[PDB]
Protein chains: 2
Amino acid sequence: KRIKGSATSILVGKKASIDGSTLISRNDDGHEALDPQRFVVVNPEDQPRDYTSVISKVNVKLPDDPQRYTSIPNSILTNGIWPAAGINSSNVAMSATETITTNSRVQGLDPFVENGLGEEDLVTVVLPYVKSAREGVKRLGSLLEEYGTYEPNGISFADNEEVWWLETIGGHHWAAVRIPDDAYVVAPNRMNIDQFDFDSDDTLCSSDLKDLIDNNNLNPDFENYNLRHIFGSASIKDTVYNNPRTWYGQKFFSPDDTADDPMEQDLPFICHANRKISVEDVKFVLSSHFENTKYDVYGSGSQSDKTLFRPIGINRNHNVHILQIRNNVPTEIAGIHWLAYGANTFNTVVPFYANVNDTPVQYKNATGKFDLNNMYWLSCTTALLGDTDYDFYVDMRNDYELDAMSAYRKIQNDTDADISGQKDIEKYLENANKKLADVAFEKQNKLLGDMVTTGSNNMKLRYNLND
Amino acid sequence: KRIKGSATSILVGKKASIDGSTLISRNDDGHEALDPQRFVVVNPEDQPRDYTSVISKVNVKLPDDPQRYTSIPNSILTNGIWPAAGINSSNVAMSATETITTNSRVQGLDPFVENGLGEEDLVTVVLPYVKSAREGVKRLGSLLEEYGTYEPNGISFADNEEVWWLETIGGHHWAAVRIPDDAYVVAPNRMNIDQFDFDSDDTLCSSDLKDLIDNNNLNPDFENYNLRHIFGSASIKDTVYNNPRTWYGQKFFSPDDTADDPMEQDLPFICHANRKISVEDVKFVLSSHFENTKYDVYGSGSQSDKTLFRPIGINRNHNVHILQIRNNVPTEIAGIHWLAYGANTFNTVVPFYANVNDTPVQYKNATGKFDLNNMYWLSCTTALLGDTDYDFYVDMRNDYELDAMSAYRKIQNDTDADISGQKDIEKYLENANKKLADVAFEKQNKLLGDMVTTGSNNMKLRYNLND
Ligand SMILES: [Co+2]
Ligand SMILES: [Co+2]
């Protein structure tokens with residue numbers, strides 16, 4: 001068999017955010033709980049021109065003018081690079097992938113292509129070569145049509161104006177929708193695009209998609225086109241593995257527009273929140289485990305209720321990224337690659353400037369060797385200890401989140417404030433990223449220390465005299 | 001670390017009270033269950049002109065004309081004075097503080113000031129120098145701008161006309177609301193001020209507050225300004241630690257305007273009760289533990305429900321005070337500093353006249369040495385015993401509350417009735433306060449005795465012949 005990713009994604013249009021930025025985000029989850037991640041800038045000279053994948057052995061000849069981009073490659077390259085997500089020098093963001101679903105009727109017509117492209121590959125072969133989110137969508141579509149794919153995937157694109165979501169369909173087909181400026185999306189591992197207008201300028205797809213549907217009796221609905229009804233799933237597994245994640249996110253942002261059934265199969269794709277959305281909001285949902293419901297594994301529910309649903313924050317979060325393209329700041333500091341590692345319950349995303357040529361050591365240097373000086377291993381260790389007694393550690397966790405995010409914001413604010421006239425912008429921003437990573441490590445380390453100190457007093461292996 | 005206070009506060013406007021008085025109140029809670037408190041009048045000659053805090057080392061030069069004021073300082077000065085609350089000779093009341101919440105976005109712009117002011121300090125540096133509640137608000141606002149603060153705090157002020165609530169925002173900013181005459185407030189450890197009209201005569205704030213919000217994308221709402229949405233929190237921890245306290249209080253006073261969800265994040269700040277409010281009402285809510293719900297730790301709920309919410313009456317109540325400025329009595333007896341010590345389940349507030357130069361021995365003289373002749377230690381001992389079998393002791397508790405409060409009221413009524421023509425008002429009221437404290441001790445001691453006598457008969461270590 002082939003190794004597969006898992007994920008939860010959240011998208012925010014430029015009018016829906018609290019600061020007028022676009023946000024595309026994803027929990028990059030995997031099969032094993034731990035799989036070391038690195039934060040790496042791929043400079044143009046480092047980018048392949050003759051690309052061959054490890055998993056599928058697909059060979060793609062690439063353009064000769066790649067742009068510099070951030071990425072989050074695996075430390076261990078057994079299954080290839082797995083760059084996950086990044087922002088290029090044109091301030092275009094891309095995250096790939098959100099594994100989605102398919103069905104036997106479309107697979108019968110356009111099967112997966114064994115030697116096609118996969119999540120292993122997509123950012124590497126698309127992001128360096130596009131100058132808008134729309135261009136990203138179109139290039140990826142072209143590559144799917146030409147080379148095919150062996151996975152069902154959802155991919156996000158953004159620039160300072162637009163946010164797009166592309167879903168792959170069978171071995172070669174695809175469709176994509178531009179998320180409205182004022183909207184957000186929460187997307188689990190299930191095909192998401194619903195109502196789809198072939199006549200809209202805000203949609204793109206395989207030229208033959210409508211004919212594929214119309215000519216092969218793929219449409220289950222009496223009227224109109226709902227792509228996930230046609231090409232996706234509405235399974236019993238969806239009701240426990242996927243829909244509750246969508247539901248919990250929509251309950252958080254749109255409480256008065258969202259009913260009380262986490263199993264709902266027709267939750268809207270495009271949503272409108274009752275307020276503007278912050279980075280902190282996005283990280284909360286990306287770290288969640290159905291808090292204040294009977295489905296919280298750390299909560300008061302029955303054993304069966306507590307384990308019924310797949311949470312969003314999860315032991316096998318490998319990285320979490322929130323890619324932000326800001327507006328009303330100079331373009332050279334618009335791109336922010338927010339990043340953290342390990343189960344999202346005990347980390348914080350750090351707002352790294354994407355306009356840099358290299359990355360901080362604590363985030364760049366993970367290998368297969370356990371190293372608590374590295375933020376991947378330190379963050380995972382913290383979350384594991386936290387998992388053993390969540391209610392005991394959660395107050396320290398909460399304090400740390402506020403304290404750390406406050407410190408990051410102060411550094412960002414100071415750095416933004418002095419951008420004008422900097423003679424070496426990349427060096428200036430690399431220094432800012434170094435400060436951010438240093439503080440992130442210090443506060444992560446201090447949190448773990450506080451947890452170890454208090455936790456040790458509460459060990460089972462104890463016997464105290466109460467005097 | 002730095003030690004932090006905790007609290008629950010209740011405010012009542014002059015038209016909302018049963019007697020036309022203003023009331024500002026707070027449970028002064030702390031980290032440890034026990035921390036001995038004293039009732040102390042600071043005469044002008046005792047007041048520092050050159051003040052330095054213990055926790056932050058902030059140094060504040062003070063005016064040379066301080067007014068006399070009541071206060072509730074810590075017996076043990078390890079972390080400074082912690083005066084908590086009092087009434088000055090101009091019949092201005094102040095209670096500080098209700099620790100509240102903040103968020104990373106505003107902290108990123110205006111961080112806490114390490115060597116700034118804190119709860120340790122505020123009553124000492126403000127109350128002696130103001131002649132109205134409004135002046136208190138303005139002086140505190142000025143001091144925050146001058147010295148900064150290292151805590152997020154809520155502070156109440158009152159005189160015979162007005163009640164104000166000030167909340168500190170970041171290291172230097174602040175906002176305050178004059179509570180409508182006919183309104184009340186219940187405030188837990190969460191930022192409270194909601195809808196806020198900068199043009200209102202009922203509001204005061206940092207001169208730059210609206211610009212700070214507008215220019216830095218701090219406002220999450222599509223319309224208007226809600227200060228706690230902007231500057232505060234709505235966290236998962238809020239739903240168990242804070243909101244249920246607000247909810248239980250509002251359920252008590254406004255049953256028909258309050259829904260059934262204790263976790264509600266947008267309970268109103270300003271409320272209107274269905275009736276006029278007594279001192280006895282306020283003490284009840286300040287002593288409460290979600291009686292007649294599954295969230296009552298002394299009740300019938302599951303272990304998880306019983307311990308889910310932070311109660312208002314609690315083991316770490318250090319003092320409880322209700323500062324009352326009465327109307328239509330002569331000004332020399334308008335100020336009443338109601339006071340009790342220890343967990344509020346087994347004490348009663350005593351209506352001490354604030355117009356005095358000294359305080360009764362049973363309330364003034366606590367040290368670190370356990371002394372059951374002192375009301376701090378006696379009250380704490382009583383509440384601890386009560387905690388071991390609440391349903392067994394609650395009838396004696398209830399009887400004592402009625403009996404004791406009736407005795408206090410008789411003494412107050414007689415004292416008020418003979419105020420005219422007194423040649424030495426302070427001596428006259430000090431004598432009344434001595435009578436109050438004497439009877440308060442007698443009734444507290446008799447309660448504990450009755451509990452010990454009946455409790456001893458029900459000890460586990462027993463074996464009786466039933467004849
Ligand atoms: Co070429
Ligand atoms: Co819209």
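Residues numbered from 1 in each chain as written, not as in the entry; some residues may be left out. Chains lettered and ligands numbered in written order. Part of a larger assembly, values for the part shown. Heavy atoms only, no water.

X-ray crystallography is the method the PDB entry lists for this structure, together with a resolution of 1.844 Å.

Draft legend 1. Seen up close, the relation of the copies chain B and chain A. Between the two copies, chain B and chain A, the superposition gives an RMSD of 0.1 Å; the rotation angle is 71° and the shift along the axis is 0.1 Å. Put plainly, the chains are arranged around a five-fold axis. Within chain B, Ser302(B) has its C-alpha nearest the rotation axis, a separation of 11 Å. (Least-squares fit on C-alpha atoms.)

Draft legend 2. Quick look at unusual backbone geometry. Residue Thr97(A) follows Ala96(A) across a cis peptide bond; omega there is 15°. Residue placement: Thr97(A) occurs in strand β8 (residues 93-99). We note that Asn217(B) has phi near 55°; this positive angle belongs to a residue other than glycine. When you line up the elements, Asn217(B) lands in the loop between α4 (209-215) and α5 (227-231). Phi at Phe290(B) is positive, roughly 55°, even though this residue is not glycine. By the element assignment, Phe290(B) lies in the loop between α8 (279-286) and α9 (303-306). (Helix = DSSP H or I, 4+ residues; strand = E, 2+ residues; numbered from the N terminus.)

Draft legend 3. Expanded view of the coordination of the cobalt ion (ligand 2). Surrounding the cobalt ion (ligand 2) are the protein donor atoms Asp182(A) (OD), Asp182(A) (OD) and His272(A) (NE2), which sit 2.2 to 2.4 Å from the metal. Within this pair, whereas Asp182(A) is found in the loop between β11 (173-179) and β12 (184-187), its partner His272(A) is found in the loop between α7 (243-253) and α8 (279-286), the two being separated by 90 residues in sequence. (Donors = N, O, S within 2.8 Å, 3.2 Å for Na, K, Ca; no water.)

Draft legend 4. Structural detail: the packing of aromatic side chains. Residue and element names in this part refer to chain A. Scanning the model with the defined rule gives 36 aromatic pairs over all chains in all. Seen in terms of ring centroids, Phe290 and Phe309 are 5.7 Å apart; in terms of plane orientation they differ by 65°. Their pairing is edge-to-face. Remark: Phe309 occurs in the loop between α9 (303-306) and β14 (317-325) and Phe290 occurs in the loop between α8 and α9; sequence separation between them is 19 residues. For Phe290, a relative accessible area of 1% puts it in the buried group. Note on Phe392 and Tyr393: the rings are 5.1 Å apart at their centroids and 85° apart in plane angle, and the pair reads as edge-to-face. Overall, the relative accessible area of 29% leaves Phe392 in the partly exposed class. Taking relative accessible area as the criterion, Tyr393 reaches 5% and is therefore assigned buried. (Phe/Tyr/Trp six-rings, centres within 6.5 Å; stacked < 30°, edge-to-face > 60°. Buried < 20%, exposed > 50% of the residue type's maximum accessible area, 1.4 Å probe, protein only.)

Draft legend 5. Structural context of the sheet that holds β12(A). All names here are of chain A. Strand order in the open sheet formed by six strands is β12-β1-β2-β14-β15-β16, and the pairing between neighbours is antiparallel. A strand with exactly one partner marks an edge of an open sheet, and here the two such strands are β12 and β16 (350-353). Between one strand axis and the next, the sheet turns by 15° as a mean value, whatever way the strands run. As judged from the seven bridges shared by strand β1 (residues 6-12) and strand β2 (residues 22-29), these two strands associate in the antiparallel manner. Within β2, the residue paired with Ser6 across the bridge is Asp29. (Pairing = 2+ DSSP bridges. Axes fitted to C-alpha atoms, helices over the stretch in contact; angles between N-to-C directions.)

Draft legend 6. Structural context of the packing of helix α7 (residues 243-253) of chain B against α8(B). All names here are of chain B. In contact at an axis separation of 10 Å, α7 and α8 are set at 150° when each is read in the N-to-C sense. In terms of their interaxial angle, α7 and α8 are classed as roughly antiparallel. The hand of the α7/α8 crossing is right-handed. Contacts from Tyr248, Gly249, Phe252 and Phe253 in α7 reach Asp281, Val282, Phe284 and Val285 in α8. (Parallel < 35°, antiparallel > 145°, perpendicular 65-115°, else oblique. Left-handed = near helix turned anticlockwise from the far one by under 90°. Contact = heavy atoms within 4.5 Å.)

Draft legend 7. Seen up close, the interface of chain B and chain A. The partner chain A presents 22 residues to the 19 residues of chain B that form the contact. Applying the counting rule to chain B against chain A returns two salt bridges. In this structure, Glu280(A) and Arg105(B) form a salt bridge, with 3.1 Å as the shortest nitrogen-oxygen distance. If you look at where chain B meets chain A, you find six residue pairs in polar contact. Among the elements of the structure, α1 (104-107) and α6 (236-241) of chain B are those that each provide at least two residues to the side of chain B that touches chain A. The residue inventory of the side of chain B that touches chain A, partitioned by class, reads seven nonpolar, nine polar and three charged. (Salt bridge = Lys/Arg side-chain N within 4 Å of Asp/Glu carboxyl O. Polar contact = N/O pair within 3.5 Å; in protein donor to acceptor, adjacent residues only side chain to side chain. Nonpolar A, V, L, I, M, F, W, Y, C, P; charged D, E, K, R; others polar.)

Draft legend 8. Local environment of the sheet that holds strand β7 (residues 85-87) of chain A. Residue and element names in this part refer to chain A. Reading across from one edge, β7-β8-β9-β10-β11-β13 is the order of the six strands in this open sheet, with antiparallel pairing throughout. For this open sheet the edge positions go to β7 and β13 (203-205), each flanked by a neighbour on one side alone. Neighbouring strand axes in the sheet, compared pairwise and without regard to direction, differ in orientation by 15° on average. Across three bridges, β7 lies against β8 in antiparallel orientation. Its bridge partner being in β8, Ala85 is matched across the sheet by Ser95. Against the sheet, helix α3 (residues 133-147) makes contact with β8, β9 (153-158), β10 (163-169), β11 and β13, and its axis sits at roughly 10° relative to β10, the strand it touches most.

Draft legend 9. Seen up close, the pattern of salt bridges. All names here are of chain B. All told, the structure shown has 46 salt bridges over all chains when counted by the stated rule. Across the pair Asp260 and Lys251 runs a salt bridge whose closest N-O atoms are separated by 2.9 Å. Residue classification places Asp260 among the exposed positions, given a relative accessible area of 65%. Its relative accessible area of 22% is what places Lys251 among the partly exposed residues.

Draft legend 10. The pairing of β8(A), seen in detail. Residues and elements named next belong to chain A. Summarising burial for β8: seven of the seven residues are buried, a large majority. Alignment of β8 against β9, held across six bridges, turns out to be antiparallel. Each residue of the ladder has a partner; that of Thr99, found in β9, is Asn153.

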